[PDB]
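K.L.:
Below is the sequence, then the experimental coordinates.
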Amino acid sequence: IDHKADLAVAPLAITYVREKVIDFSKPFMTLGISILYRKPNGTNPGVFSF
Amino acid sequence: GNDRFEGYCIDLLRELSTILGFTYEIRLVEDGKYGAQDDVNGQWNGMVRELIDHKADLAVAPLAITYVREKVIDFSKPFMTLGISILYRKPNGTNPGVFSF
Amino acid sequence: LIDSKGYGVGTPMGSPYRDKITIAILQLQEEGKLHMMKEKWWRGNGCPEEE
Ligand SMILES: CCCCCCCC/C=C\CCCCCCCC(=O)O[C@@H](COC(=O)CCCCCCCCCCCCCCC)COP(=O)([O-])OCC[N+](C)(C)C
Ligand SMILES: O=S1(=O)NCN(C2CC2)c2ccc(F)cc21
């Protein structure tokens, strides 16, 4: 805003509230919000499973 | 009138006029193309030259953002994410696998 | 996907409607209308046959 540095080359997503203030370019990556949760355990099917 | 049209791209166009304010008039390109620079005259084809020669205001359509198109027209930011991919028949046969026991 | 590119609402070079649709497409997207309109037209007879 107050012209301190020209570019903003960083993970700076294109959102609605930022576009009305600064000017982005067109994308170089494509995002999407998603969930990072743990993978479940292992069951270790034993040799005496019968 | 402009009532016989439907789809994604026509349901989107009434949403842009609701927020911005205008009454759009849909006019099909008569060349039937989208746009391509010929190597013999340096001229163009359908939706691109309609915007170059100012015979249009918008081009709300499946008009993909390529390198050579935005050097003459100005696009907006994307409203749909595609990529080139391959269409082919679903294989209707089963593998033999004649033992399978 | 071989590459990735997208659908731009074309404007002539120097249109003031460029930014007014650029903000507007973001407004339909942050609200969720661009996902409503895609899942109404790219819906249909989903292929049963595979199951
Ligand atoms: C467990 C419950 C049953 C137990 C019963 C016995 C089980 C254990 C015994 C033998 C194990 C046999 C399996 C071998 C290993 C498996 C993988 C393999 O390579 O096989 C190959 C086939 O091979 C055959 O055709 C198998 C023939 C079995 C004959 C044995 C009968 C015993 C009778 C003896 C009488 C003597 C008695 C008299 C003497 C006094 C794989 O096939 P492929 O060609 O490589 O590829 C598939 C082809 N395709 C591409 C078209 C899809
Ligand atoms: O053609 S673009 O404007 N710029 C290139 N890209 C990203 C590089 C994939 C994308 C990705 C998704 C789009 F919708 C548009 C574009």
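P.N.:
Structure received. Numbering: from 1, shown residues only, chains lettered A, B, ... in the order given. Ligands and ions are numbered 1, 2, ... in the order given.

K.L.:
how close does residue A:42 sit to residue A:36?
P.N.:
In this structure, residue A:42 and residue A:36 are 20 Å apart, going by C-beta to C-beta, to the nearest Å. Any C-beta I mention is one placed from the backbone N, CA and C, and that applies to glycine too.

K.L.:
do residue C:6 as well
P.N.:
26 Å.

K.L.:
neighbour count winner among those two?
P.N.:
Regarding residue C:6 and residue A:36, a neighbour count based on other C-beta atoms under 10 Å in any protein chain shown identifies residue C:6 as having more, with 18 against 4.

K.L.:
Isn't the more buried one up against residue B:76?
P.N.:
No: under the contact definition of C-beta atoms under 8 Å, residue C:6 does not touch residue B:76, with a separation of 10.0 Å.

K.L.:
how about the residue of chain A found nearest ligand 2, phi and psi?
P.N.:
Of all residues in chain A, the one sitting closest to ligand 2 is residue A:26 (3.6 Å; C-beta to the nearest ligand atom). Note on residue A:26: backbone dihedrals following degrees, to the nearest 10 are phi -80, psi 160.

K.L.:
what number of residues lie near it?
P.N.:
15.

K.L.:
Setting aside sequence neighbours, what's the nearest residue to it?
P.N.:
Excluding the flanking residues, the one nearest residue A:26 by C-beta to C-beta, 6 or more residues apart in numbering or on different chains is residue B:77, at 6.4 Å.

K.L.:
show me the residues around the residue nearest the centre of chain C that make contact.
P.N.:
The geometric centre of chain C, computed from its C-alpha atoms, lies nearest to residue C:34 (C-alpha atoms, centre = their mean), at 5.6 Å. The contact partners of residue C:34, by C-beta atoms under 8 Å, 6 or more residues apart in numbering or on different chains, come to B:12, B:79, B:80, C:25, C:28.

K.L.:
so how far is residue B:18 from the second one?
P.N.:
Shown here: residue B:79 relative to residue B:18, a distance of 15 Å by C-beta to C-beta.

K.L.:
what do you get for the third one?
P.N.:
Separation of residue B:80 from residue B:18 (C-beta to C-beta): 19 Å.

K.L.:
same question, residue C:45
P.N.:
For residue C:45, the distance to residue B:18 - C-beta to C-beta - is 31 Å.

K.L.:
now swap in residue C:2 and tell me
P.N.:
Noted for residue C:2: a distance of 36 Å to residue B:18, by C-beta to C-beta.
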